[PDB]
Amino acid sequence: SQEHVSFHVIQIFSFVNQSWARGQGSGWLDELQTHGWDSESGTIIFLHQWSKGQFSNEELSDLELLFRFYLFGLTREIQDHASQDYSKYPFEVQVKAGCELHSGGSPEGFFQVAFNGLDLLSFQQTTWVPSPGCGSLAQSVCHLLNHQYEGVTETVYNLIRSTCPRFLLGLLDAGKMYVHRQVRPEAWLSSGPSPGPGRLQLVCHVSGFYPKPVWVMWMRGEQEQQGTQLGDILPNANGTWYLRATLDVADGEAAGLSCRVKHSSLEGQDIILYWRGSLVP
């Protein structure tokens, strides 16, 4: 394969005042959620049979411990500074940390942060870098981390650049039968919202396919109809995908139109559905 894969942990913290806050963290392999966080017991929730990713229970309990210390220290500092400057409440922090594996095996680390939905800072190579927007707060936090916080930055560098790629690849190998499976889509047709008097909206639904690459078109014979509109490839429960293809046509020109579906699981034999509509008595 030539494709980039990535792993991320994401956090969302809301601080309403100095005595009340709440948070949420999770782990994601590409767009697939593979981990949660139980906040009462401070432990990792493994969503799949392969979610330990060939890590030993020892490294994992040590990561849980590390995350617990990190959460404690993070909230304690933010509250020390925001209680004095209490005009900031209520506010929301977004964190996204993790790594990407490029096609030749080169790892790339990531640690981005946002404040009320705006880029606040990031971690470029070895330096905490503020964003152009805001500065100040960004510059403050960045100086704080650059010069006033010990092996914290060292540990973050080691975590996003060595521990993360190793866990990514261990996850992929631990679930290879899930990772490399093929799942056949099923398709069906429906009408859509009326585009206007004397006009029809044809919809082709394609659902349950994995992996994500798919080809779906409205056709007349071998003429692909240029008007086909593809929707977002939406996620299903249990790792499959869903897709709508719609087409607007005058009634009287709808006969002969068909939906065609091409997917890796189909062994060359495409799915074809002819629009019937009100044509058949």
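In case it trips you up, residue 1 is the first one in the sequence shown, and so on.
When the C-alpha temperature factors are averaged for each of 73-81 and 144-152, which stretch ends up with the higher value in the entry?
Between 144-152 and 73-81, it is 144-152 that shows the higher mean C-alpha B-factor.
Looking at the deposited entry, does 165-173 or 121-129 carry the larger mean Cα B-factor?
That would be 121-129.
Out of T240, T246, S39, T34, residue topping the C-alpha B-factor column of the entry:
Comparing C-alpha B-factors across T240, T246, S39, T34, the maximum falls on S39.
Report the option among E58, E253, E224, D30 whose CA atom has the maximum B-factor in the deposited record.
Comparing C-alpha B-factors across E58, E253, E224, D30, the top value belongs to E58.
Ranking every modelled residue in this chain by its Cα temperature factor as given in the entry, which third contains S264?
Bottom third by C-alpha B-factor.
When the modelled residues of the chain are sorted by Cα temperature factor, does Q182 land in the lowest, middle or highest third?
Ranked within chain, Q182 CA B lands in the middle tercile.
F209's Cα B-factor: lowest, middle or highest third of the chain?
Its C-alpha B-factor, which the entry lists for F209, ranks in the lowest third among residues of this chain.
Among the modelled residues of its chain, does the C-alpha B-factor of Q201 lie in the lowest, middle or highest third?
As the PDB entry reports it, the C-alpha B-factor of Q201 lands in the lowest third of its chain.
What third of the chain, by the recorded C-alpha B-factor, contains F115?
Middle third, going by the recorded CA B-factors of the chain.
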